[PDB]
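Student: Can you look at this? It's an experimental structure, sequence on top.
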Amino acid sequence: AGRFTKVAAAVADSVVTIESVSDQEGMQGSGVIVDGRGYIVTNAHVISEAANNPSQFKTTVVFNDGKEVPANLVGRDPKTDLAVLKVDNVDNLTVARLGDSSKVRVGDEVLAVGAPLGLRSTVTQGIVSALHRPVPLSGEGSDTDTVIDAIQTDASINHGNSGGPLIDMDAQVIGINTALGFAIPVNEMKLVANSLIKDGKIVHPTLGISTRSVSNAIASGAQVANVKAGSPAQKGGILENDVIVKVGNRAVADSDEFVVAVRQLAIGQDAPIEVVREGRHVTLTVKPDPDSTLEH
Amino acid sequence: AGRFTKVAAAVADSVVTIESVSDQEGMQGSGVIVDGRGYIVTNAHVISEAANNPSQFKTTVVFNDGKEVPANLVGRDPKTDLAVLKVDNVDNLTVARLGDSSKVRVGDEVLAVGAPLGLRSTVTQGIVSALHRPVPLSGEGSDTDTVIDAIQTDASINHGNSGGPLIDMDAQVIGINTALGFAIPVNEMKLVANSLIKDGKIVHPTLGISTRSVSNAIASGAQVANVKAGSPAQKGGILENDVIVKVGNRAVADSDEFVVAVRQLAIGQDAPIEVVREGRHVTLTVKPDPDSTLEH
Amino acid sequence: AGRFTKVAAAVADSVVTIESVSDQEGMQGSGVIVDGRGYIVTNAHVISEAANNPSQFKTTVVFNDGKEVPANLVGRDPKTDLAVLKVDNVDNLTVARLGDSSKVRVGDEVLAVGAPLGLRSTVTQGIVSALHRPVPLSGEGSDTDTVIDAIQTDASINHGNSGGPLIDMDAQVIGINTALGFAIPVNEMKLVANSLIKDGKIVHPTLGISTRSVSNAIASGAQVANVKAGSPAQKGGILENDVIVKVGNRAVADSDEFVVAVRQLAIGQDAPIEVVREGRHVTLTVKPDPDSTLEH
């Protein structure tokens, strides 16, 4: 039995097809069983239509054995492109083994595994091409766009394995395949999926800033395009045309890294923002606000 | 010597360049030697121009040793994208070893091998991404479009290895590369190539139906778009707007699977077709006709 | 540690980020340390803007350890898409180990390694798909287009690893990644980089011919589209509409191979050119001129 054939077969029982159907449309994605109680992780694109139109869409989970079971949305995070479903009272679930994405290295051989019974399902193979790679993701429909620190791989990521797991050579989940490919790292998945299970919602920091990327010999980074009124950046002293070069402890190369670095800040705590303003370096102090004040 | 280098070198003598030339045009593809008498298998796209315009096109086979030899069309099957050529009285041919595509599993490492002396020739590597995957194929010019149960692979399939073999790690042919890539499985190739050698033609079942894919919460499958007059479906009771969900022993997910499932039926024998008609499940009995009545 | 993880980690210290910046723009590529004195090889596309606009662009080299150092252009060859930079008085450089591209075989596993600290950096994996493959390359801006005998690979070649090394399983450089991917072979790199270091310039043969590819049953090859006045082909007897089929000791399949074969000729020495002229085979004798008369 082939080296990858063994790994793909070892995780197949833990990967599921996620099907949302109305009486006029129907889409399919993949997900991974992450808890014996019936919790399933996918990406926010796979469920986007059912989450946004729950009156007309019904979501089911199809297992490796062919069983079809109703599924309910536990919670979703368009900002990290993650979501959690729940199947109730399903016995003998084969829960996937979650790895540690902090131990993943460039060159590691990986499999991007889609649901074995999906219509256009795929299983692809490659290596890890980059780590902590900020990548912009387009929201599927009415979902807002976002940027994530992704694991980059030259394994093909497509409709046939979107939402399925990125698997290392120990048959462990190291990532969730997004919609030259990218995956949400499993350690960030664990944090997001746990809070979506405790709270049904994730609260992310916000500053009230929109940026555009700039790269030149003076000052490269994320140039402040807009500051919202009454925003944390508004009170912290951030001004337009400022070129943000550092957010907290993370240097910011462009707008993509800016979005990701902001989400690493602590809500309600002072934090430094370094900018280049009219050719002058300036450090500012900002207290991020929660993006969802009622859930915080 | 590399693991894949050994396999690619082991099959090179069995892979040939197929060149068809007129006095104003010329194209190249790949093929594989499948019988010591000089029979060579390629896909129907590679020869399409010479088969359709034999008065102006001449076809030759170029071997690994550089020998160039005239080739004649034994037969072709646009419906399975397969074709057989013949070289006459060529000695010491290195016949390829044909595998068993029913033993191929998802994750198996494969090589998509093009003719070593072809102009744009390639050899690519990947894994098997899916099995029994219905894929639509566009006829090259005046050839009719078709759908086949393919082996899907993330090994690149391109002009440089089209018509060449898909090779497993035992240096065995498990498929024929088509024109994210697909290959005709070798077991289906054997059946088609044998009949093209006995009969010079393949006879496929037909029902007289055109379908369009549908996917919703009521009834997903292949919706009947048209029924030909006097067709087997016409006498079997199939009506327009019927959503076919099963053909024989094979469930039908969409139009792609419908085309493939029909070709698995027995000519002249009764067979069940399950449909959803105005929200009502109905089973029908159809006797498929041969698509080529004179060869049958 | 993974098989490819070890190789990628072993060469990382020898791969550098190459950053050219003006006060309004900035681009990044990869390069490889090839000599302890501080010589770095990249492709001509990576530096194209700084080489063409040196008054406004500044080039730096970023090492694996994060050190940033000024770099100076030693020389470039748009015709082979190669270039050499120099860092001065940098100690403890990890020089890459240069392989022998003549020992590379089809199917060899390779890594296309980009600079570890580059913004969009990638490391991709594949096999060698073809050897001595003439490929046309578009000049980046005002640089002239060219054709090279490349190593073809199904490892992804992109902006994130352009200019970085193509690495074999012995952690040796066998090629330079260009801008389904292609790399300049290391043996041709050695010749070009050495002359760019001795002379600051490379001198290539020229005949004064422009060709277009032709492929038919009469005569396939590179059809002479234009002959420059006073050119070596002009004095050698080459005429328009001639279909060149051999240049020196190398048969010419199309215009791509013609460009490459011409560059293999000896400057100032008689050489045969075989053509098909009005359906008649004709051999001609041409004495190539240097493309840069003052440097020759």
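Tutor: Arrived safely, thanks for sending. Residues are numbered from 1 along each chain as shown, chains lettered A, B, ... in the order given.

Student: hey, where'd the strands end up in the stretch 1-150 of chain A?
Tutor: A:15-21, A:26-35, A:39-42, A:58-62, A:68-70, A:72-77, A:82-86, A:109-113, A:123-137, A:146-153 (DSSP state E, counting those that start in this stretch).

Student: distance between the next helix or strand after the last one and the chain's centre?
Tutor: In other words, strand A:146-153. Next along the chain after strand A:146-153, taking DSSP states H and E as the criterion, comes strand A:165-167. Computed by Cα atoms, centre = their mean, to the nearest Å, the chain-centroid distance of strand A:165-167 equals 13 Å.

Student: now the angle from whatever helix or strand comes next after strand A:165-167 to strand A:109-113?
Tutor: Where DSSP H and E defines the elements, the next helix or strand beyond strand A:165-167 is strand A:173-177. If you take axes from the mean of the first three to the mean of the last three Cα atoms, to 10 degrees, strand A:173-177 sits at 50 degrees to strand A:109-113.

Student: Briefly note if strand A:173-177 comes near chain B.
Tutor: No. On the criterion Cβ under 8 Å from any Cβ of the partner chain, strand A:173-177 is out of touch with chain B, staying 13.3 Å away. Every C-beta, even on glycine, is put in place using the N, C-alpha and C of the backbone.

Student: and what of stretch A:47-58?
Tutor: Yes. Stretch A:47-58 comes into contact with chain B (Cβ under 8 Å from any Cβ), by way of residue A:58.

Student: Run through who's touching that stretch.
Tutor: Here stretch A:47-58 makes contact (Cβ atoms under 8 Å, 6 or more residues apart in numbering or on different chains) with A:18, A:20-23, A:25, A:27, A:29, A:44, A:59, A:70, A:73, A:76, A:83, A:85, A:139-143, B:217.

Student: returning to that earlier point: now render the strands of the stretch 1-150 of chain A as a markdown table, adding mean neighbour count and distance to residue A:266.
Tutor: Putting the strands of the stretch 1-150 of chain A into a markdown table (neighbours: other Cβ atoms under 10 Å in any protein chain shown; distance: least, Cβ to Cβ, whole Å) gives the following:
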| stretch | mean neighbour count | distance to residue A:266 |
| --- | --- | --- |
| strand A:15-21 | 26 | 34 |
| strand A:26-35 | 24 | 26 |
| strand A:39-42 | 26 | 25 |
| strand A:58-62 | 18 | 35 |
| strand A:68-70 | 13 | 39 |
| strand A:72-77 | 19 | 18 |
| strand A:82-86 | 25 | 21 |
| strand A:109-113 | 27 | 32 |
| strand A:123-137 | 23 | 19 |
| strand A:146-153 | 25 | 17 |
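
Student: what's the spacing between the residue in the stretch 1-150 of chain A that chain C sits nearest to and residue B:35?
Tutor: Nearest to chain C, among the residues of the stretch 1-150 of chain A, is residue A:107, at 3.7 Å (Cβ to the nearest Cβ). For residue A:107, the distance to residue B:35 equals 43 Å [Cβ to Cβ, to the nearest Å].

Student: which parts of the stretch 51-200 of chain A sit against chain C?
Tutor: Close to chain C, as judged by Cβ under 8 Å from any Cβ, the stretch 51-200 of chain A has residues A:105-109, A:126-130, A:152, A:154, A:169, A:180.

Student: again, only using 7 Å
Tutor: A:105-109, A:126-127, A:129-130, A:152, A:154, A:169, A:180 (Cβ under 7 Å from any Cβ of the partner chain).

Student: how about those, which pair is most distant?
Tutor: A:169 and A:180 (21.0 Å; Cβ to Cβ).

Student: ok, longest helix in chain A?
Tutor: Of all the segments of type helix in chain A, defined by DSSP state H, the longest one is helix A:186-198.

Student: Whatever helix or strand comes next after that helix pairs with which strands, and in what direction?
Tutor: Following helix A:186-198 in sequence order, the next helix or strand is strand A:205-206 (DSSP H and E). Strand A:205-206 has the following strand partners under DSSP bridges: strand A:289-290 (antiparallel).

Student: ok, stretch A:259-276 near chain C or not?
Tutor: No. If you take Cβ under 7 Å from any Cβ as the test, stretch A:259-276 misses chain C, and the best it gets is 12.8 Å.

Student: buried residues in that stretch?
Tutor: A:259-263, A:265, A:271, A:273-276 (16 or more other Cβ atoms under 10 Å in any protein chain shown).

Student: Return the distance of it from the chain's centre.
Tutor: The answer for stretch A:259-276 is 19 Å, by Cα atoms, centre = their mean.

Student: Need the contact partners of that stretch.
Tutor: A:79, A:134, A:147-149, A:203-205, A:207, A:219, A:236, A:238, A:242-248, A:250, A:252, A:281-290, A:296 (Cβ atoms under 7 Å, 6 or more residues apart in numbering or on different chains).

Student: Filter these down to the buried ones.
Tutor: In those, the ones that pass as buried (16+ other Cβ under 10 Å) are A:79, A:134, A:147-149, A:203-205, A:207, A:219, A:236, A:238, A:242-248, A:250, A:252, A:284, A:286-289.

Student: tell me which residues form a beta bridge with residue A:152?
Tutor: Counting by DSSP bridges, residue A:152 is bridged to residue A:130, residue A:182.

Student: do the same with residue A:173
Tutor: Counting by DSSP bridges, the residues bridging with residue A:173 are residue A:98, residue A:167.

Student: ok, back up a step: who does the longest helix of chain A touch, helix- and strand-wise?
Tutor: strand A:39-42, strand A:72-77, strand A:82-86, strand A:173-177 (3 or more Cβ pairs under 7 Å, 6 or more residues apart in numbering or on different chains; DSSP states H and E).

Student: Rebuild the ones you listed as TSV, extending it with distance to residue B:194.
Tutor: Formatted as TSV, the helices and strands packed on helix A:186-198 follow (distance: least, Cβ to Cβ, whole Å):
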stretch	distance to residue B:194
strand A:39-42	45
strand A:72-77	53
strand A:82-86	48
strand A:173-177	41
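
Student: okay, among the buried residues of stretch A:259-276, which ones form the most distant pair?
Tutor: Maximum distance among those (Cβ to Cβ): 22.4 Å, for A:263 and A:276.

Student: Contact residues of the stretch 101-250 of chain A facing chain B?
Tutor: So the stretch 101-250 of chain A meets chain B at A:119, A:121-125, A:156 (Cβ under 7 Å from any Cβ).

Student: And these, which two are furthest apart?
Tutor: A:119 and A:125 (21.0 Å).

Student: quick one, which of the helices and strands packed on helix A:186-198 is nearest to residue A:92?
Tutor: strand A:39-42 (15.3 Å).

Student: Sheet-wise, list the partners of that closest one with their directions.
Tutor: Short version: by DSSP bridges, strand A:39-42 pairs with strand A:26-35 (antiparallel), strand A:82-86 (antiparallel).

Student: mind checking how far residue A:39 is from chain B?
Tutor: Distance from residue A:39 to chain B, counting by Cβ to the nearest Cβ, to the nearest Å: 25 Å.

Student: meant to ask about residue A:67, not that
Tutor: The value you get for residue A:67 to chain B, if Cβ to the nearest Cβ is used, is 16 Å.

Student: What backbone torsions are found at the closest residue in space to that residue that isn't next to it in sequence?
Tutor: Closest residue to residue A:67 apart from its sequence neighbours, by Cβ to Cβ, 6 or more residues apart in numbering or on different chains: residue A:90 at 7.7 Å. Dihedral angles of residue A:90 (phi, psi; degrees, to the nearest 10) stand at phi -90, psi 120.

Student: Using the record's assignment, carve chain A into domains.
Tutor: A:3-86, A:101-199, A:205-295 (curated CATH domains).

Student: Residue B:162 is nearest to which of the ones you listed?
Tutor: domain A:101-199 (19.3 Å).

Student: can you give me the end-to-end distance of the closest one?
Tutor: 24 Å (Cα to Cα, to the nearest Å).

Student: can you tell me which residues contact the residue nearest to residue A:4 when sequence neighbours are not counted?
Tutor: Distances taken as Cβ to Cβ, 6+ apart place residue B:107 nearest to residue A:4, at 4.0 Å, with adjacent residues excluded. By Cβ under 7 Å, 6+ apart, the contact set of residue B:107 is A:2, A:4-5, A:7-8, A:123, B:127-128.
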